[PDB]
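Structure file work21.txt; described as compact mmCIF, N, CA and C atoms.
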```txt
# COMPACT_ATOMS: atom_id res chain seq x y z
N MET A 1 7.30 47.88 54.01
CA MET A 1 7.33 47.04 52.78
C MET A 1 7.40 47.92 51.53
N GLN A 2 8.12 47.45 50.51
CA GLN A 2 8.18 48.02 49.16
C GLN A 2 8.09 46.92 48.12
N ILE A 3 7.83 47.29 46.87
CA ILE A 3 7.90 46.44 45.68
C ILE A 3 8.43 47.24 44.48
N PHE A 4 8.77 46.56 43.39
CA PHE A 4 9.26 47.14 42.14
C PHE A 4 8.39 46.67 40.97
N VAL A 5 8.25 47.50 39.93
CA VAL A 5 7.41 47.22 38.75
C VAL A 5 8.15 47.57 37.47
N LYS A 6 8.24 46.63 36.53
CA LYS A 6 9.10 46.72 35.35
C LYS A 6 8.32 46.72 34.02
N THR A 7 8.47 47.76 33.21
CA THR A 7 7.74 47.90 31.92
C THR A 7 8.16 46.86 30.88
N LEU A 8 7.34 46.67 29.84
CA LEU A 8 7.70 45.88 28.65
C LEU A 8 8.79 46.55 27.79
N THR A 9 8.97 47.87 27.90
CA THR A 9 10.08 48.63 27.29
C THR A 9 11.41 48.37 28.01
N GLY A 10 11.41 48.37 29.35
CA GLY A 10 12.53 47.95 30.19
C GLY A 10 12.85 48.84 31.41
N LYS A 11 12.01 49.82 31.75
CA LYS A 11 12.13 50.71 32.92
C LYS A 11 11.68 49.99 34.19
N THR A 12 12.42 50.15 35.29
CA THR A 12 12.08 49.65 36.63
C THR A 12 11.62 50.79 37.54
N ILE A 13 10.36 50.74 37.96
CA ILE A 13 9.72 51.58 38.99
C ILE A 13 9.92 50.94 40.37
N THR A 14 9.81 51.73 41.44
CA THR A 14 9.80 51.28 42.85
C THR A 14 8.64 51.96 43.58
N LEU A 15 7.89 51.21 44.40
CA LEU A 15 6.68 51.64 45.10
C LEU A 15 6.67 51.24 46.58
N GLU A 16 5.85 51.92 47.39
CA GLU A 16 5.64 51.65 48.82
C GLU A 16 4.21 51.14 49.08
N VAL A 17 4.07 49.84 49.37
CA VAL A 17 2.80 49.13 49.62
C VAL A 17 2.87 48.25 50.88
N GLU A 18 1.75 47.63 51.24
CA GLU A 18 1.61 46.57 52.25
C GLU A 18 1.16 45.28 51.57
N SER A 19 1.33 44.12 52.22
CA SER A 19 0.85 42.83 51.70
C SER A 19 -0.68 42.76 51.50
N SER A 20 -1.42 43.72 52.07
CA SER A 20 -2.88 43.89 51.98
C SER A 20 -3.32 44.84 50.85
N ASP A 21 -2.39 45.54 50.18
CA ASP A 21 -2.71 46.29 48.95
C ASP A 21 -3.24 45.34 47.87
N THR A 22 -4.29 45.75 47.15
CA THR A 22 -4.77 45.04 45.96
C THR A 22 -3.90 45.31 44.72
N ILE A 23 -4.03 44.48 43.69
CA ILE A 23 -3.43 44.71 42.36
C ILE A 23 -3.88 46.06 41.78
N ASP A 24 -5.17 46.39 41.88
CA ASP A 24 -5.72 47.73 41.57
C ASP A 24 -4.99 48.86 42.32
N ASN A 25 -4.80 48.69 43.63
CA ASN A 25 -4.14 49.66 44.50
C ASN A 25 -2.67 49.85 44.13
N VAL A 26 -2.00 48.79 43.66
CA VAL A 26 -0.60 48.83 43.20
C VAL A 26 -0.50 49.61 41.90
N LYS A 27 -1.29 49.29 40.86
CA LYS A 27 -1.35 50.03 39.59
C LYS A 27 -1.49 51.54 39.80
N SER A 28 -2.36 51.89 40.74
CA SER A 28 -2.70 53.25 41.15
C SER A 28 -1.51 54.02 41.76
N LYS A 29 -0.44 53.34 42.19
CA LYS A 29 0.79 53.98 42.67
C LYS A 29 1.71 54.41 41.52
N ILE A 30 1.82 53.61 40.45
CA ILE A 30 2.65 53.92 39.27
C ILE A 30 2.25 55.27 38.64
N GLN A 31 0.98 55.65 38.77
CA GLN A 31 0.46 56.95 38.31
C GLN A 31 1.12 58.15 39.04
N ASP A 32 1.80 57.92 40.17
CA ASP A 32 2.62 58.91 40.88
C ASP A 32 4.06 59.02 40.33
N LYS A 33 4.53 57.97 39.65
CA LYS A 33 5.93 57.76 39.22
C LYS A 33 6.14 58.04 37.72
N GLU A 34 5.16 57.68 36.89
CA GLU A 34 5.16 57.83 35.42
C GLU A 34 3.87 58.48 34.88
N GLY A 35 2.76 58.37 35.62
CA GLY A 35 1.45 58.91 35.23
C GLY A 35 0.53 57.90 34.51
N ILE A 36 0.94 56.63 34.44
CA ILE A 36 0.24 55.56 33.70
C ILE A 36 -1.11 55.25 34.37
N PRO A 37 -2.25 55.40 33.66
CA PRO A 37 -3.58 55.24 34.23
C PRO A 37 -3.86 53.78 34.64
N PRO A 38 -4.32 53.51 35.88
CA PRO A 38 -4.54 52.15 36.39
C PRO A 38 -5.64 51.33 35.68
N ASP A 39 -6.38 51.89 34.72
CA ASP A 39 -7.34 51.13 33.90
C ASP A 39 -6.71 50.66 32.57
N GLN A 40 -5.58 51.25 32.16
CA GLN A 40 -4.84 50.86 30.96
C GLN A 40 -3.83 49.73 31.23
N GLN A 41 -3.19 49.74 32.39
CA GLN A 41 -2.18 48.76 32.79
C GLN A 41 -2.77 47.50 33.47
N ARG A 42 -2.01 46.41 33.42
CA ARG A 42 -2.14 45.09 34.07
C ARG A 42 -0.80 44.73 34.72
N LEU A 43 -0.76 43.77 35.64
CA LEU A 43 0.48 43.31 36.30
C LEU A 43 0.77 41.82 36.04
N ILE A 44 2.05 41.43 36.07
CA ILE A 44 2.55 40.06 35.85
C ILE A 44 3.51 39.65 36.99
N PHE A 45 3.34 38.44 37.55
CA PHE A 45 4.29 37.80 38.47
C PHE A 45 4.38 36.28 38.20
N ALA A 46 5.59 35.71 38.23
CA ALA A 46 5.90 34.32 37.85
C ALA A 46 5.30 33.92 36.48
N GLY A 47 5.25 34.88 35.55
CA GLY A 47 4.66 34.78 34.22
C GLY A 47 3.13 34.87 34.16
N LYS A 48 2.44 34.80 35.31
CA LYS A 48 0.97 34.79 35.43
C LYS A 48 0.41 36.21 35.49
N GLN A 49 -0.61 36.48 34.67
CA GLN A 49 -1.34 37.75 34.61
C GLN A 49 -2.28 37.91 35.81
N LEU A 50 -1.98 38.87 36.69
CA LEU A 50 -2.61 39.05 38.00
C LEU A 50 -4.00 39.72 37.91
N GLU A 51 -4.92 39.35 38.81
CA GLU A 51 -6.31 39.83 38.85
C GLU A 51 -6.47 41.05 39.77
N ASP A 52 -7.23 42.04 39.31
CA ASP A 52 -7.36 43.38 39.93
C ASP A 52 -7.83 43.37 41.39
N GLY A 53 -8.77 42.47 41.72
CA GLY A 53 -9.36 42.33 43.06
C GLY A 53 -8.53 41.50 44.04
N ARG A 54 -7.40 40.92 43.62
CA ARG A 54 -6.48 40.17 44.49
C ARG A 54 -5.53 41.09 45.23
N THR A 55 -4.93 40.58 46.29
CA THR A 55 -3.87 41.24 47.07
C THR A 55 -2.47 40.84 46.62
N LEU A 56 -1.46 41.47 47.22
CA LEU A 56 -0.06 41.06 47.08
C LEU A 56 0.17 39.72 47.82
N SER A 57 -0.41 39.57 49.02
CA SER A 57 -0.44 38.31 49.79
C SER A 57 -1.05 37.14 49.01
N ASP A 58 -2.09 37.37 48.20
CA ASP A 58 -2.72 36.37 47.33
C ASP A 58 -1.76 35.70 46.33
N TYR A 59 -0.67 36.38 45.94
CA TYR A 59 0.37 35.83 45.06
C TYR A 59 1.70 35.59 45.80
N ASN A 60 1.68 35.60 47.14
CA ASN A 60 2.83 35.44 48.04
C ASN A 60 3.98 36.43 47.74
N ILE A 61 3.63 37.63 47.26
CA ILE A 61 4.53 38.76 47.02
C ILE A 61 5.30 39.08 48.32
N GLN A 62 6.60 39.36 48.21
CA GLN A 62 7.48 39.72 49.33
C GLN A 62 7.92 41.19 49.23
N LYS A 63 8.62 41.69 50.25
CA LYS A 63 9.28 43.00 50.14
C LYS A 63 10.37 42.95 49.06
N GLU A 64 10.57 44.07 48.38
CA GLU A 64 11.48 44.25 47.25
C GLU A 64 11.25 43.28 46.07
N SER A 65 10.07 42.65 45.96
CA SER A 65 9.71 41.81 44.81
C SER A 65 9.72 42.61 43.50
N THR A 66 10.08 41.95 42.40
CA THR A 66 10.36 42.57 41.08
C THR A 66 9.32 42.15 40.04
N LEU A 67 8.16 42.81 40.07
CA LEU A 67 7.01 42.53 39.21
C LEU A 67 7.12 43.28 37.88
N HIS A 68 6.20 43.03 36.95
CA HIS A 68 6.12 43.74 35.66
C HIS A 68 4.73 44.33 35.42
N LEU A 69 4.65 45.37 34.57
CA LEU A 69 3.40 45.97 34.13
C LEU A 69 3.22 45.91 32.60
N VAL A 70 1.97 45.78 32.17
CA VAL A 70 1.50 45.51 30.80
C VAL A 70 0.38 46.46 30.43
N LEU A 71 0.62 47.38 29.49
CA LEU A 71 -0.41 48.27 28.97
C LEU A 71 -1.26 47.59 27.88
N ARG A 72 -2.59 47.70 27.99
CA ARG A 72 -3.59 47.23 27.00
C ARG A 72 -3.52 47.90 25.62
N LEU A 73 -2.73 48.97 25.51
CA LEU A 73 -2.40 49.74 24.30
C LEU A 73 -0.90 49.74 23.95
N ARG A 74 -0.10 48.88 24.61
CA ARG A 74 1.38 48.74 24.56
C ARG A 74 2.16 49.98 25.03
N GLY A 75 1.98 51.13 24.39
CA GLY A 75 2.59 52.42 24.78
C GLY A 75 4.09 52.58 24.45
N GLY A 76 4.66 51.68 23.63
CA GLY A 76 6.08 51.67 23.23
C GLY A 76 6.36 50.73 22.06
N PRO B 316 2.77 23.10 4.78
CA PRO B 316 3.96 23.40 3.95
C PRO B 316 4.09 24.90 3.61
N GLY B 317 5.23 25.31 3.03
CA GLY B 317 5.47 26.69 2.56
C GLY B 317 5.86 27.71 3.64
N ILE B 318 6.05 27.27 4.89
CA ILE B 318 6.50 28.10 6.03
C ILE B 318 7.97 28.55 5.90
N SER B 319 8.39 29.46 6.78
CA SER B 319 9.77 29.99 6.91
C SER B 319 10.29 30.72 5.65
N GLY B 320 11.57 31.11 5.65
CA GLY B 320 12.24 31.86 4.59
C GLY B 320 13.76 31.96 4.79
N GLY B 321 14.43 32.76 3.95
CA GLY B 321 15.88 33.01 4.03
C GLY B 321 16.32 33.80 5.28
N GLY B 322 17.63 33.82 5.53
CA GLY B 322 18.24 34.45 6.71
C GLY B 322 19.71 34.07 6.91
N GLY B 323 20.28 34.46 8.06
CA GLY B 323 21.65 34.13 8.47
C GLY B 323 21.85 34.22 9.99
N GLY B 324 23.07 33.97 10.46
CA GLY B 324 23.44 33.99 11.89
C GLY B 324 22.99 35.26 12.63
N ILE B 325 23.18 36.42 11.99
CA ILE B 325 22.79 37.75 12.48
C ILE B 325 21.27 37.97 12.67
N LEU B 326 20.45 37.01 12.24
CA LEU B 326 19.00 37.06 12.19
C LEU B 326 18.33 35.93 13.00
N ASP B 327 19.09 35.02 13.62
CA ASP B 327 18.52 33.98 14.52
C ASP B 327 17.81 34.60 15.75
N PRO B 328 16.73 33.98 16.27
CA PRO B 328 15.86 34.58 17.29
C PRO B 328 16.57 34.87 18.62
N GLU B 329 17.60 34.09 18.95
CA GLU B 329 18.47 34.28 20.12
C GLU B 329 19.21 35.64 20.17
N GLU B 330 19.31 36.35 19.04
CA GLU B 330 19.82 37.72 18.95
C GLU B 330 18.88 38.72 18.24
N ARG B 331 17.97 38.25 17.38
CA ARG B 331 16.87 39.05 16.79
C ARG B 331 15.90 39.58 17.86
N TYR B 332 15.73 38.84 18.96
CA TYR B 332 14.77 39.12 20.03
C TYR B 332 15.39 39.12 21.44
N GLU B 333 16.71 39.31 21.59
CA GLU B 333 17.39 39.14 22.89
C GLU B 333 16.83 40.01 24.03
N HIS B 334 16.30 41.20 23.72
CA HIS B 334 15.58 42.04 24.68
C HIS B 334 14.30 41.35 25.18
N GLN B 335 13.43 40.94 24.27
CA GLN B 335 12.17 40.27 24.56
C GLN B 335 12.37 38.93 25.29
N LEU B 336 13.39 38.15 24.91
CA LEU B 336 13.80 36.92 25.60
C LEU B 336 14.13 37.20 27.08
N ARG B 337 14.96 38.22 27.36
CA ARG B 337 15.25 38.70 28.73
C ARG B 337 13.98 39.14 29.46
N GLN B 338 13.09 39.90 28.83
CA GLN B 338 11.84 40.37 29.46
C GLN B 338 10.90 39.21 29.84
N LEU B 339 10.77 38.19 28.99
CA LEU B 339 10.07 36.94 29.30
C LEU B 339 10.71 36.20 30.48
N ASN B 340 12.03 36.00 30.46
CA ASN B 340 12.76 35.41 31.59
C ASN B 340 12.49 36.17 32.91
N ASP B 341 12.65 37.50 32.89
CA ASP B 341 12.52 38.40 34.05
C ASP B 341 11.08 38.43 34.61
N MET B 342 10.06 38.21 33.77
CA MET B 342 8.67 37.99 34.21
C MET B 342 8.45 36.60 34.83
N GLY B 343 9.21 35.59 34.41
CA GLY B 343 9.23 34.24 35.01
C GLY B 343 9.43 33.06 34.06
N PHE B 344 9.73 33.27 32.77
CA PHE B 344 9.76 32.20 31.75
C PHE B 344 11.19 31.85 31.36
N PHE B 345 11.83 30.95 32.11
CA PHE B 345 13.20 30.50 31.84
C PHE B 345 13.31 29.45 30.72
N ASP B 346 12.18 28.96 30.19
CA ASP B 346 12.09 28.06 29.03
C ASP B 346 12.41 28.78 27.70
N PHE B 347 13.70 28.99 27.43
CA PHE B 347 14.24 29.65 26.23
C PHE B 347 13.63 29.13 24.92
N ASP B 348 13.57 27.81 24.74
CA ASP B 348 13.00 27.14 23.57
C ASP B 348 11.52 27.50 23.33
N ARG B 349 10.70 27.53 24.40
CA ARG B 349 9.29 27.96 24.34
C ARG B 349 9.18 29.44 23.99
N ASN B 350 10.00 30.29 24.62
CA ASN B 350 10.03 31.73 24.36
C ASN B 350 10.37 32.02 22.89
N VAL B 351 11.39 31.36 22.34
CA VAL B 351 11.76 31.41 20.92
C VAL B 351 10.58 31.00 20.03
N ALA B 352 9.97 29.84 20.28
CA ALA B 352 8.85 29.35 19.47
C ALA B 352 7.63 30.29 19.52
N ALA B 353 7.42 30.98 20.64
CA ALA B 353 6.36 31.96 20.85
C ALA B 353 6.64 33.31 20.14
N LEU B 354 7.86 33.84 20.25
CA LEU B 354 8.27 35.08 19.57
C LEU B 354 8.26 34.92 18.04
N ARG B 355 8.62 33.73 17.54
CA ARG B 355 8.53 33.34 16.12
C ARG B 355 7.13 33.45 15.50
N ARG B 356 6.05 33.36 16.30
CA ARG B 356 4.65 33.40 15.83
C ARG B 356 3.91 34.67 16.23
N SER B 357 4.29 35.25 17.37
CA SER B 357 3.84 36.56 17.84
C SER B 357 4.33 37.74 16.97
N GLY B 358 5.42 37.55 16.22
CA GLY B 358 6.10 38.59 15.45
C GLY B 358 7.16 39.36 16.25
N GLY B 359 7.56 38.83 17.41
CA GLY B 359 8.53 39.46 18.32
C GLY B 359 7.89 40.30 19.44
N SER B 360 6.58 40.20 19.65
CA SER B 360 5.87 40.81 20.78
C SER B 360 6.11 40.03 22.07
N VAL B 361 6.55 40.71 23.14
CA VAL B 361 6.73 40.13 24.48
C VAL B 361 5.41 39.54 25.00
N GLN B 362 4.36 40.37 25.11
CA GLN B 362 3.03 39.95 25.57
C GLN B 362 2.35 38.98 24.59
N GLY B 363 2.57 39.13 23.28
CA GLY B 363 2.09 38.18 22.27
C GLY B 363 2.67 36.78 22.46
N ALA B 364 3.97 36.69 22.77
CA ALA B 364 4.62 35.45 23.19
C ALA B 364 4.08 34.95 24.55
N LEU B 365 3.91 35.85 25.53
CA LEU B 365 3.39 35.57 26.86
C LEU B 365 1.99 34.92 26.84
N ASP B 366 1.09 35.39 25.98
CA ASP B 366 -0.22 34.78 25.75
C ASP B 366 -0.11 33.32 25.27
N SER B 367 0.78 33.03 24.32
CA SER B 367 1.05 31.67 23.82
C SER B 367 1.65 30.76 24.90
N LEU B 368 2.59 31.28 25.70
CA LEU B 368 3.21 30.61 26.84
C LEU B 368 2.18 30.23 27.93
N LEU B 369 1.23 31.13 28.23
CA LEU B 369 0.13 30.90 29.18
C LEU B 369 -0.86 29.85 28.67
N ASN B 370 -1.30 29.97 27.41
CA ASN B 370 -2.26 29.06 26.77
C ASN B 370 -1.69 27.65 26.48
N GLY B 371 -0.36 27.47 26.55
CA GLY B 371 0.31 26.20 26.23
C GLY B 371 0.41 25.91 24.73
N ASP B 372 0.33 26.96 23.89
CA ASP B 372 0.51 26.89 22.43
C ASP B 372 1.96 26.53 22.02
N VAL B 373 2.91 26.72 22.95
CA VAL B 373 4.32 26.29 22.93
C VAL B 373 4.64 25.37 24.10
```
Could you write out this structure as structure tokens?
Amino acid sequence: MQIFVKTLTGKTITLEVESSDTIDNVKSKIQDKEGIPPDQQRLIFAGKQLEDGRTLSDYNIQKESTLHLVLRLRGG
Amino acid sequence: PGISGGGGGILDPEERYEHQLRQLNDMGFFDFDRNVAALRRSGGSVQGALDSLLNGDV
């Protein structure tokens, strides 16, 4: 399984996860790709702001799904 | 009363904010009219519009 994560600036990241990864665990992968700290960022799917303790399965996330990330300080 | 101001075709929100409109759509908000009404009050912030869209302010 993989997923993708898209900034508010417009960059698309790609990550390797399982349906059992948490939202926290997903944020923590982007820190390998751009260095963005997982306490500064949040995630969005179907316009809804996702909760840190939930899974990818909790939002019915699929392989190659195209999610977004949101920094609490904007960063752009 | 006393809202809005001057402008022209080159300044309408459909092209003033076309990046942010796409970013809202790509996150999940295909309601163009709501996105426009939200960007108009957020000041053109993607997440500022997103907060209004979530709260039902548009």
With only C-alpha atoms counted and 12 Å as the cut-off, give the residues of chain B in contact with chain A, each with its shortest interatomic distance in Å and the pair that gives it, as JSON lines.
```
{"residue": "B:334", "atom": "CA", "partner": "A:10", "partner_atom": "CA", "distance": 8.6}
{"residue": "B:335", "atom": "CA", "partner": "A:8", "partner_atom": "CA", "distance": 8.3}
{"residue": "B:336", "atom": "CA", "partner": "A:8", "partner_atom": "CA", "distance": 11.3}
{"residue": "B:337", "atom": "CA", "partner": "A:10", "partner_atom": "CA", "distance": 9.8}
{"residue": "B:338", "atom": "CA", "partner": "A:8", "partner_atom": "CA", "distance": 6.9}
{"residue": "B:339", "atom": "CA", "partner": "A:47", "partner_atom": "CA", "distance": 7.6}
{"residue": "B:340", "atom": "CA", "partner": "A:47", "partner_atom": "CA", "distance": 8.5}
{"residue": "B:341", "atom": "CA", "partner": "A:66", "partner_atom": "CA", "distance": 8.5}
{"residue": "B:342", "atom": "CA", "partner": "A:47", "partner_atom": "CA", "distance": 5.1}
{"residue": "B:343", "atom": "CA", "partner": "A:46", "partner_atom": "CA", "distance": 4.4}
{"residue": "B:344", "atom": "CA", "partner": "A:47", "partner_atom": "CA", "distance": 6.2}
{"residue": "B:345", "atom": "CA", "partner": "A:47", "partner_atom": "CA", "distance": 9.8}
{"residue": "B:346", "atom": "CA", "partner": "A:47", "partner_atom": "CA", "distance": 11.3}
{"residue": "B:350", "atom": "CA", "partner": "A:47", "partner_atom": "CA", "distance": 11.6}
{"residue": "B:360", "atom": "CA", "partner": "A:8", "partner_atom": "CA", "distance": 9.5}
{"residue": "B:361", "atom": "CA", "partner": "A:8", "partner_atom": "CA", "distance": 7.2}
{"residue": "B:362", "atom": "CA", "partner": "A:70", "partner_atom": "CA", "distance": 7.8}
{"residue": "B:363", "atom": "CA", "partner": "A:74", "partner_atom": "CA", "distance": 10.8}
{"residue": "B:364", "atom": "CA", "partner": "A:47", "partner_atom": "CA", "distance": 11.1}
{"residue": "B:365", "atom": "CA", "partner": "A:47", "partner_atom": "CA", "distance": 7.5}
{"residue": "B:366", "atom": "CA", "partner": "A:49", "partner_atom": "CA", "distance": 9.4}
{"residue": "B:367", "atom": "CA", "partner": "A:47", "partner_atom": "CA", "distance": 11.4}
{"residue": "B:368", "atom": "CA", "partner": "A:47", "partner_atom": "CA", "distance": 8.6}
{"residue": "B:369", "atom": "CA", "partner": "A:48", "partner_atom": "CA", "distance": 7.4}
{"residue": "B:370", "atom": "CA", "partner": "A:48", "partner_atom": "CA", "distance": 10.9}
```
Between CA of residue 42 (chain A) and CA of residue 73 (chain A) - distance in Å to one decimal: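 CA of residue 42 (chain A) lies at a distance of 10.8 Å from CA of residue 73 (chain A).
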Test item: axis-aligned box, all listed atoms of region 316-324 of chain B, 3 Å on each side, centre and edges in Å rounded to one decimal, as lines of an AutoDock Vina configuration file:
```
center_x = 13.1
center_y = 29.2
center_z = 7.6
size_x = 26.7
size_y = 18.2
size_z = 16.1
```
Pick from A:60, A:31, A:55, A:2 nearest to residue 17 (chain A), counting all atoms listed in the file: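 So, comparing all the options, the nearest one is A:2.
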d(atom N of residue 316 (chain B), atom C of residue 371 (chain B)) in Å: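 According to the coordinates, atom N of residue 316 (chain B) and atom C of residue 371 (chain B) are separated by 20.3 Å.
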Test item, alpha helix (DSSP H) assignment across chain B, answer as a ChimeraX atom specification: /B:328-331,333-342,347-357,361-370
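What separates CA of residue 32 (chain A) from CA of residue 52 (chain A) is a distance of 18.5 Å.
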Exercise: region 27-29 of chain A partners within 8 Å, all atoms listed in the file, chain neighbours under 3 positions left out, as a list in words: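 What passes the distance filter is residues 14, 15, 16, 22, 23, 24, 32, 33, 34, 35, 36, 37, 38, 39, 41, 42 and 43 of chain A.
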Residue 21 (chain A) surroundings by only N, CA and C atoms, 6.5 Å radius, close-in-sequence under 6 positions cut, as an MDAnalysis selection string: chainID A and resid 54:57
